[PDB]
Number of protein chains: 4
Amino acid sequence: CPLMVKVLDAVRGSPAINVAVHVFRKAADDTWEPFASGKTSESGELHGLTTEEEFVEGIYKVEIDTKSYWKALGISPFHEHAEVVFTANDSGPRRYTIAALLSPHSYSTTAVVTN
Amino acid sequence: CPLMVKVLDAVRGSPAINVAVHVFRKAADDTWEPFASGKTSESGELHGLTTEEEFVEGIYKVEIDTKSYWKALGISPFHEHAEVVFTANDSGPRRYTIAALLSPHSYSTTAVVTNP
Amino acid sequence: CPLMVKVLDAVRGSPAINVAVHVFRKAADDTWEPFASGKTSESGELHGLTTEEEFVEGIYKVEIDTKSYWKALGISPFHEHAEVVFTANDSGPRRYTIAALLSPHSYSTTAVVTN
Amino acid sequence: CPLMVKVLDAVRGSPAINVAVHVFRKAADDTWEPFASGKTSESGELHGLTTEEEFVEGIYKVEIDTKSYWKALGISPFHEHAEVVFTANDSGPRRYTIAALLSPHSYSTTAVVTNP
């Protein structure tokens, strides 16, 4: 898959499991429209979000429902969710891995782009 | 100052200067309405975005224009911007400091919440 | 393997490859002694550092030669290296993954402990 | 103040108070020699660790006792401490700010280097 998502819990030191993830693509009128979604596996990963044919150039937004994740663990969260917005470009073969590291009042997100 | 934003450059190890910042508040119709904007100073900090009187309860979005920052220095970043969304003042007024650490392909954001 | 290491470059957005990694164990006299070492693969990972029998409880230090990594890319680094010190405990099955995200003047390290 | 250390709590979103900090300088025999120590205040900052006159060239180690911090609040952390090692003043005197963001199983450290 050209687009992969991996979430980690910095508090417990483990993958963040069963975390809802929504992907959106920016439409011609600048509104966001559903593209893909799913929940992280037991490894904190979410694969098979899309395919090469479907994944065309453009601006994409990846939304991670961190709020629910924390509520579920009985921990008070600051953010409503963790957003990641980027432009997918066909500069040769490219796989996109959006890595997110979570804490109740802080999160880190990194993009690993490999060929 | 109830809402402050601080940005650092992780590559250079210095304050990220002139970083444009846009704040939005979710309207009673679920669309993002402009609330305030500014640019970081030489210390990488942005003060005076709003006031206690005007900073009411609500869901806020702090948009840091990271892309313009990196492009402004010959670098082609991954993210379009960094957006921090959170509910504020739902337990009474608080002072919020939104910190962001920037790298071309990665960013970190922390929120420091204290009382007045 | 009970101990794994993964390094990412936050500047280029890819795994940090061919990065030297040294593991040490704290001896009875508090000095650090060689335990294991290697260089990250093309995936930015370093496996097979040790085995269950060898990996006993105690205090371990994982040293990542980030300085060389940056020098090699013609980029000026701040830190001499990135250290990670922790206590390995036999609280039931445990695999240790030390994740490091690198930037010239900043680094993040997370420990993913799974069963 | 040529060397300052700031620590934040990523779980709570507040300054990490009373965090013990030990600084060492590599001696001409490759062993770590005590240079200075202190604890973070209520703002999570530690000032006055050393002076311009005493902070000479060298390889320094800043040891932040994260474990004691987390244990002091009923939490069993992963790391023993966070150690920041770096060469300082090799291009003339600079002001260094070592920042650290703490979580029970993870930490981030950034170095801000500026001129006087």
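First residue shown is number 1, and so on along the chain.
The deposited model was determined using X-ray crystallography, 2.3 Å.
Just so it is clear, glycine is given a Cβ too, placed from its N, Cα and C backbone atoms.
Feature annotation from Swiss-Prot assigns L-thyroxine binding site to A:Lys6, A:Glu45, A:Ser108. Here A:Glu45 (L-thyroxine binding site) comes close to A:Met4, A:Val5, A:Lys6, A:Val7, A:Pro15: these same-chain residues lie at least six apart in sequence, with C-beta atoms under 8 angstroms from its C-beta.
For A:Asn89 (N-linked glycosylation site), the number of other Cβ atoms no farther than 10 Å from its own Cβ, over all displayed protein chains, is 12. Look at Swiss-Prot and you will find A:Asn89 tagged as N-linked glycosylation site, backed by experimental evidence.
Around A:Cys1 (sulfocysteine), the same-chain residues at least 6 positions away in sequence with a Cβ under 8 Å from its Cβ are A:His47, A:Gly48, A:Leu49, A:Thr50, A:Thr51, A:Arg95. If you look up Swiss-Prot, you'll see A:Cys1 marked as sulfocysteine.
Residues annotated as 4-carboxyglutamate in Swiss-Prot: A:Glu33. Sequence-distant contacts of A:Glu33 (4-carboxyglutamate), defined as residues of its own chain at least six apart whose C-beta falls under 8 angstroms from its C-beta, comprise A:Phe24, A:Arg25, A:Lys26, A:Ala27.
Mapped onto three states, the DSSP output places A:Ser43 (phosphoserine) in coil. Around A:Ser43 (phosphoserine), a 10 Å sphere centred on its CB holds 14 further CB atoms from the protein chains shown. Under the heading phosphoserine, Swiss-Prot lists A:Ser43.
Considering only the binding-site residues A:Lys6, A:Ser108, the Cβ with the fewest other Cβ atoms within 10 Å is that of A:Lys6.
Of A:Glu33, A:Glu45, A:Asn89, A:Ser108, listed as recorded positions, those near chain C by the criterion of a Cβ under 8 Å from one of its Cβ atoms are A:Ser108. In sequence order, the recorded positions near chain B (CB to CB under 8 A) are A:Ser108, out of A:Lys6, A:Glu33, A:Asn89, A:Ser108.
Under 8 angstroms separates no C-beta among the recorded positions A:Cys1, A:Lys6, A:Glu33, A:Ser43 from a C-beta of chain D.
Residue pair A:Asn89 (N-linked glycosylation site) / A:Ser108 (L-thyroxine binding site) shows a Cα separation of 23 Å. If you measure from the Cα atom of A:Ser108 (L-thyroxine binding site) to that of A:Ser43 (phosphoserine), you get 18 Å.
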